[PDB]
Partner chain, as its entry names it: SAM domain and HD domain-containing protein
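Only one chain is shown below, in structure tokens, and it's the form deposited without its partner chain.
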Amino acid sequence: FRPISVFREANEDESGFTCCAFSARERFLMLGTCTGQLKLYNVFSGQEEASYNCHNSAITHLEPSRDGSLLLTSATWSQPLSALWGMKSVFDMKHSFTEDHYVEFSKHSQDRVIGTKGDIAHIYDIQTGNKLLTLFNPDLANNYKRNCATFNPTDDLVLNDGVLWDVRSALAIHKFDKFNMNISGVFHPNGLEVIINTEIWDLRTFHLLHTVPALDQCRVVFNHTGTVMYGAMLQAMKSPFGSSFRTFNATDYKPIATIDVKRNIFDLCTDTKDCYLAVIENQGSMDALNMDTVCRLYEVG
């Protein structure tokens, strides 16, 4: 993990980066801030290129669309809580998702959003904004405190609150048992496995394949090719993770590295070419008057 670049929010005695994601434009990182701003930075020079006020509370999440035309955001205590922005010529609000605390794009064909409200997953048409599906069954719920609904890599299955759902039928096909209070899980990119906290489940048999105790309370991100997996552990403003990230071989779940940066982590994300990891670190402690985050850029391959 060769450090390539570091930078703080321009013209701020208190740097307030809270999340990041590479833009579809090579060389440029998108960051959310604690004042609800979207910033475009050159990742190598640290130069601020653009700024827009998306929300009047802190950004918690953002996801750019792979064609470079759309952007999802989620805030903290804003109504609306999440939104979809156009970035073709003018930066403008397309649609808002009043109470959804988290949103993603579909993966294969990026023609939907999926948004999460507590235990309840909402699927929307991007062109109309219209709500096509509510996926929720009160008898199968796990009530995960950090539930994040997500599409599989072909868009035909949804994981919501530890329940696998067929989309076309709008039926629940399997409830994974609850083994932690917080993490609800993600699809591997290979379409065959589900990662729910420390449990890796087969999608063909619903058997446990692997136990990975190091993944406990981690948010997980894959490289583009899906051969490497990075995890940063939640804490037991306030930094959402601790000071260390783990990296795993994505095909057998054997550890490659444990990095302590010695500074609490807000986010981490991968470029499209499996070259870089970008990490938001806080230089302050939680007790500090204010935040002081940087972005670091690491060569990996």
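Residue numbers count along the first chain shown, from 1. Each form is matched to the other, and the largest set of C-alpha atoms that superpose within 1.5 Å is called the rigid core.
- Stretch comparison, 98 to 106 versus 227 to 235: after rigid core superposition, larger RMS CA deviation in 4 other deposited structures of this protein is found for 227 to 235.
- The stretch of deposited sequence separating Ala236 from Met237 contains 10 or more residues lacking coordinates in this entry.
- Judged by mean Cα B factor in the deposited record, 170 to 178 ranks above the other of 145 to 153 and 170 to 178.
- Set 245 to 253 against 44 to 52 and average the Cα temperature factors; 245 to 253 ends up higher.
- Per the PDB entry, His108 shows the highest C-alpha temperature factor of the residues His122, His108, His95, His101.
- Comparing the listed residues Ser89, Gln79, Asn160, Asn197, the entry records the largest Cα B-factor for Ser89.
- Among the modelled residues of the chain, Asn290 sits in the highest third by CA temperature factor in this PDB entry.
- The PDB entry assigns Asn11 a C-alpha temperature factor belonging to the highest third of its chain's modelled residues.
- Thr211: CA B factor in the middle third of modelled residues in this chain (values from the PDB entry).
- Sort the chain's modelled residues by C-alpha temperature factor and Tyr276 lands in the highest third, per the entry.
- Placement of the Cα temperature factor of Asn130 within the chain: highest third of the modelled residues, per the deposited record.
The discussion below concerns the form solved in complex with its partner chain, not included here.
- Not displayed here, its partner chain is approached by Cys54 to within 4.5 Å at the level of heavy atoms in the bound PDB entry.
- Of the heavy atoms in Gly36, some are within 4.5 Å of its partner chain in the bound PDB entry.
- In the bound PDB entry, its partner chain sits within 4.5 Å of a heavy atom belonging to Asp92.
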